[PDB]
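Visitor: Input: one structure, supplied below.
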Amino acid sequence: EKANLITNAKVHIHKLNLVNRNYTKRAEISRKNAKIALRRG
Amino acid sequence: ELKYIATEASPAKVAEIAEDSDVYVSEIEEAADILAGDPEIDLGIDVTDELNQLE
(Lines give C-alpha, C1' and ligand atoms only; values in the text may rest on other atoms or scores of the structure.)
Protein backbone atom coordinates (compact mmCIF):
# COMPACT_ATOMS: atom_id res chain seq x y z
CA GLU A 1 0.00 0.00 0.00
CA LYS A 2 2.24 2.72 -1.37
CA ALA A 3 -0.20 5.41 -0.30
CA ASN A 4 -0.17 3.84 3.14
CA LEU A 5 3.59 3.68 2.70
CA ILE A 6 3.71 7.44 2.31
CA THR A 7 1.03 7.61 5.00
CA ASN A 8 3.16 5.59 7.41
CA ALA A 9 6.13 7.91 7.01
CA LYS A 10 3.92 10.90 7.69
CA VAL A 11 2.63 9.01 10.74
CA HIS A 12 6.10 8.44 12.23
CA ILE A 13 6.86 12.13 11.88
CA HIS A 14 4.29 12.75 14.60
CA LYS A 15 5.82 10.21 16.99
CA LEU A 16 9.23 11.73 16.51
CA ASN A 17 7.76 15.13 17.22
CA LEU A 18 5.88 13.82 20.27
CA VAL A 19 9.05 12.62 22.01
CA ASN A 20 10.71 15.93 21.18
CA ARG A 21 8.11 17.57 23.37
CA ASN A 22 8.79 15.15 26.22
CA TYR A 23 12.56 15.49 26.39
CA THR A 24 12.31 19.26 26.09
CA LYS A 25 10.40 19.28 29.39
CA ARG A 26 12.94 17.05 31.14
CA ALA A 27 15.76 19.25 29.88
CA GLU A 28 14.38 22.25 31.72
CA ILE A 29 13.59 20.12 34.78
CA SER A 30 17.23 19.07 34.95
CA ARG A 31 18.30 22.69 34.61
CA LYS A 32 16.07 23.65 37.52
CA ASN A 33 17.73 21.01 39.71
CA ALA A 34 21.15 22.34 38.71
CA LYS A 35 20.17 25.87 39.68
CA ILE A 36 18.98 24.56 43.05
CA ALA A 37 22.10 22.46 43.64
CA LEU A 38 24.31 25.47 42.98
CA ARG A 39 22.36 27.26 45.69
CA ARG A 40 22.77 24.14 47.82
CA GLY A 41 26.48 24.55 47.25
CA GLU B 1 -7.45 -6.37 54.78
CA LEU B 2 -4.39 -4.11 54.79
CA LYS B 3 -2.94 -6.78 52.50
CA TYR B 4 -5.92 -6.53 50.14
CA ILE B 5 -5.80 -2.74 49.96
CA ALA B 6 -2.02 -2.84 49.44
CA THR B 7 -2.51 -5.35 46.62
CA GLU B 8 -4.57 -2.86 44.61
CA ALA B 9 -3.25 0.48 45.82
CA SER B 10 0.16 -0.96 44.87
CA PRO B 11 2.57 1.92 44.10
CA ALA B 12 3.72 -0.18 41.15
CA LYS B 13 0.28 0.39 39.61
CA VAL B 14 -0.41 3.92 40.86
CA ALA B 15 2.72 5.18 39.10
CA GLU B 16 1.90 3.25 35.90
CA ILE B 17 -1.63 4.59 35.45
CA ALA B 18 -0.49 8.11 36.32
CA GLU B 19 2.28 8.10 33.71
CA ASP B 20 -0.04 6.68 31.03
CA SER B 21 -2.57 9.47 31.48
CA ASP B 22 0.02 12.23 31.02
CA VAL B 23 1.24 10.88 27.68
CA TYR B 24 -2.29 10.67 26.34
CA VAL B 25 -2.94 14.22 27.59
CA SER B 26 -0.07 15.71 25.63
CA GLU B 27 -0.96 13.58 22.65
CA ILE B 28 -4.50 15.00 22.54
CA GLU B 29 -3.69 18.65 23.25
CA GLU B 30 -1.04 18.84 20.53
CA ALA B 31 -3.49 17.04 18.26
CA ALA B 32 -5.75 20.01 18.93
CA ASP B 33 -3.13 22.54 17.80
CA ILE B 34 -2.56 20.80 14.49
CA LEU B 35 -6.33 20.78 14.29
CA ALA B 36 -5.97 24.61 14.18
CA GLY B 37 -3.14 24.57 11.59
CA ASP B 38 -4.91 26.58 8.82
CA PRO B 39 -4.00 30.13 10.06
CA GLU B 40 -0.70 29.53 8.28
CA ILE B 41 -2.60 29.31 4.98
CA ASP B 42 -4.86 32.30 5.67
CA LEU B 43 -1.95 34.56 6.59
CA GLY B 44 -0.16 33.45 3.43
CA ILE B 45 -2.53 33.47 0.46
CA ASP B 46 -3.95 36.94 1.20
CA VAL B 47 -1.48 39.82 1.43
CA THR B 48 -3.51 42.43 -0.38
CA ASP B 49 -2.07 45.96 -0.16
CA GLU B 50 -4.45 47.67 -2.59
CA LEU B 51 -7.17 48.30 0.01
CA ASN B 52 -4.87 50.91 1.52
CA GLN B 53 -6.43 53.02 -1.22
CA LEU B 54 -9.80 51.82 0.02
CA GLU B 55 -8.66 52.78 3.52
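Each chain in the C-alpha coordinates gets a letter, A, B, ..., in the order shown, and its residues are numbered from 1; ligands are numbered from 1 in order too.
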Excluding same-chain residues fewer than 2 positions from segment 30-47 of chain B, what lies within 12 Å of it counting only C-alpha atoms, as a list in words?
Guide: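 Residues near the query, excluding close chain neighbours: residues 14, 15, 17, 18, 19, 21 and 22 of chain A; 23, 24, 25, 26, 27, 28, 49, 50, 51 and 52 of chain B.
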Visitor: For a quick check of understanding, using only C-alpha atoms, which of B:7, B:2, B:22, B:12 has the smallest distance to chain A?
Guide: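 Closest to chain A of all the choices is B:22.
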Visitor: Take atom CA of residue 21 of chain B and atom CA of residue 32 of chain A and report the distance between them in Å, one decimal.
Guide: 24.2 Å
Visitor: Looking at B:29, B:48, B:8, B:55, which one is nearest to chain A, with distances taken over only C-alpha atoms?
Guide: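 Checking each of B:29, B:48, B:8, B:55 against chain A, counting only C-alpha atoms, the winner is B:29.
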Visitor: From chain B, collect each residue whose DSSP state is alpha helix (DSSP H) and return the set as an MDAnalysis selection string.
Guide: chainID B and resid 2:8 11:33 39:45 51:54
Visitor: Any chance you could export the current selection's N, CA and C atoms as a short mmCIF file (atom, residue, chain, number, x, y, z; two decimals), in the first residue's frame?
Guide:
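Final output, result-v1.cif:
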```cif
data_model
loop_
_atom_site.label_atom_id
_atom_site.label_comp_id
_atom_site.auth_asym_id
_atom_site.auth_seq_id
_atom_site.Cartn_x
_atom_site.Cartn_y
_atom_site.Cartn_z
N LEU B 2 -5.50 -4.95 55.23
CA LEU B 2 -4.39 -4.11 54.79
C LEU B 2 -3.67 -4.76 53.62
N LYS B 3 -3.56 -6.09 53.62
CA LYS B 3 -2.94 -6.78 52.50
C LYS B 3 -3.74 -6.59 51.22
N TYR B 4 -5.06 -6.63 51.32
CA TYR B 4 -5.92 -6.53 50.14
C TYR B 4 -6.01 -5.12 49.59
N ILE B 5 -6.01 -4.10 50.44
CA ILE B 5 -5.80 -2.74 49.96
C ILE B 5 -4.43 -2.59 49.31
N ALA B 6 -3.36 -2.99 50.00
CA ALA B 6 -2.02 -2.84 49.44
C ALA B 6 -1.81 -3.64 48.16
N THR B 7 -2.59 -4.68 47.92
CA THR B 7 -2.51 -5.35 46.62
C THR B 7 -2.95 -4.45 45.48
N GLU B 8 -3.96 -3.60 45.71
CA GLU B 8 -4.57 -2.86 44.61
C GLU B 8 -4.40 -1.35 44.68
N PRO B 11 1.87 0.80 44.75
CA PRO B 11 2.57 1.92 44.10
C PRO B 11 3.20 1.54 42.78
N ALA B 12 3.29 0.25 42.48
CA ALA B 12 3.72 -0.18 41.15
C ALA B 12 2.66 0.10 40.11
N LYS B 13 1.40 0.14 40.51
CA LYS B 13 0.28 0.39 39.61
C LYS B 13 -0.18 1.84 39.63
N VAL B 14 -0.14 2.49 40.79
CA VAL B 14 -0.41 3.92 40.86
C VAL B 14 0.49 4.70 39.91
N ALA B 15 1.80 4.46 39.98
CA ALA B 15 2.72 5.18 39.10
C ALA B 15 2.55 4.81 37.62
N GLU B 16 2.15 3.59 37.30
CA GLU B 16 1.90 3.25 35.90
C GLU B 16 0.75 4.07 35.33
N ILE B 17 -0.42 3.96 35.95
CA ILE B 17 -1.63 4.59 35.45
C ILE B 17 -1.55 6.11 35.50
N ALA B 18 -0.71 6.67 36.36
CA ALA B 18 -0.49 8.11 36.32
C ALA B 18 0.41 8.52 35.16
N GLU B 19 1.43 7.74 34.84
CA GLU B 19 2.28 8.10 33.71
C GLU B 19 1.52 7.96 32.39
N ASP B 20 0.69 6.92 32.27
CA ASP B 20 -0.04 6.68 31.03
C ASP B 20 -0.96 7.84 30.71
N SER B 21 -1.63 8.39 31.72
CA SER B 21 -2.57 9.47 31.48
C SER B 21 -1.87 10.70 30.92
N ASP B 22 -0.68 11.01 31.42
CA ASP B 22 0.02 12.23 31.02
C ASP B 22 0.43 12.17 29.56
N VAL B 23 0.87 11.01 29.09
CA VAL B 23 1.24 10.88 27.68
C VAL B 23 0.02 11.10 26.81
N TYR B 24 -1.10 10.47 27.14
CA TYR B 24 -2.29 10.67 26.34
C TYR B 24 -2.75 12.12 26.38
N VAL B 25 -2.58 12.81 27.51
CA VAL B 25 -2.94 14.22 27.59
C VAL B 25 -2.12 15.08 26.64
N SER B 26 -0.80 14.88 26.57
CA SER B 26 -0.07 15.71 25.63
C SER B 26 -0.28 15.27 24.20
N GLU B 27 -0.69 14.03 23.99
CA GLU B 27 -0.96 13.58 22.65
C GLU B 27 -2.18 14.29 22.10
N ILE B 28 -3.22 14.40 22.92
CA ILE B 28 -4.50 15.00 22.54
C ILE B 28 -4.41 16.51 22.39
N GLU B 29 -3.74 17.19 23.32
CA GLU B 29 -3.69 18.65 23.25
C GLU B 29 -2.88 19.12 22.05
N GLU B 30 -1.78 18.46 21.73
CA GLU B 30 -1.04 18.84 20.53
C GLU B 30 -1.82 18.48 19.28
N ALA B 31 -2.54 17.38 19.31
CA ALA B 31 -3.49 17.04 18.26
C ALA B 31 -4.67 17.99 18.18
N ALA B 32 -4.84 18.89 19.13
CA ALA B 32 -5.75 20.01 18.93
C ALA B 32 -5.10 21.20 18.24
N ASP B 33 -3.80 21.41 18.44
CA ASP B 33 -3.13 22.54 17.80
C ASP B 33 -2.89 22.32 16.31
N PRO B 39 -4.46 28.73 10.06
CA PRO B 39 -4.00 30.13 10.06
C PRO B 39 -2.76 30.38 9.22
N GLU B 40 -1.89 29.39 9.11
CA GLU B 40 -0.70 29.53 8.28
C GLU B 40 -1.04 29.65 6.80
N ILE B 41 -2.18 29.11 6.37
CA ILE B 41 -2.60 29.31 4.98
C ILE B 41 -3.28 30.67 4.82
N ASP B 42 -4.13 31.04 5.76
CA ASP B 42 -4.86 32.30 5.67
C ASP B 42 -3.92 33.49 5.66
N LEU B 43 -2.93 33.49 6.56
CA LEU B 43 -1.95 34.56 6.59
C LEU B 43 -1.03 34.58 5.38
N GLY B 44 -1.08 33.55 4.54
CA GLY B 44 -0.16 33.45 3.43
C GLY B 44 -0.75 33.81 2.08
N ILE B 45 -1.93 33.27 1.78
CA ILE B 45 -2.53 33.47 0.46
C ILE B 45 -3.11 34.87 0.25
N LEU B 51 -6.18 47.71 -0.88
CA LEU B 51 -7.17 48.30 0.01
C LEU B 51 -6.63 49.42 0.89
N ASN B 52 -5.32 49.67 0.92
CA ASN B 52 -4.87 50.91 1.52
C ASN B 52 -5.39 52.13 0.77
N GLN B 53 -5.65 52.00 -0.53
CA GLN B 53 -6.43 53.02 -1.22
C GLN B 53 -7.84 53.08 -0.67
N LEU B 54 -8.45 51.91 -0.51
CA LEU B 54 -9.80 51.82 0.02
C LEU B 54 -9.86 52.34 1.45
#
```
Visitor: Find the distance between atom CA of residue 23 of chain A and atom CA of residue 4 of chain A and write it in Å to one decimal.
Guide: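 Interatomic distance here is 29.0 Å.
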Visitor: Have a look at atom CA of residue 28 of chain A and atom CA of residue 41 of chain A and let me know their distance in Å, one decimal.
Guide: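 If I compute the distance from atom CA of residue 28 of chain A to atom CA of residue 41 of chain A, I get 19.8 Å.
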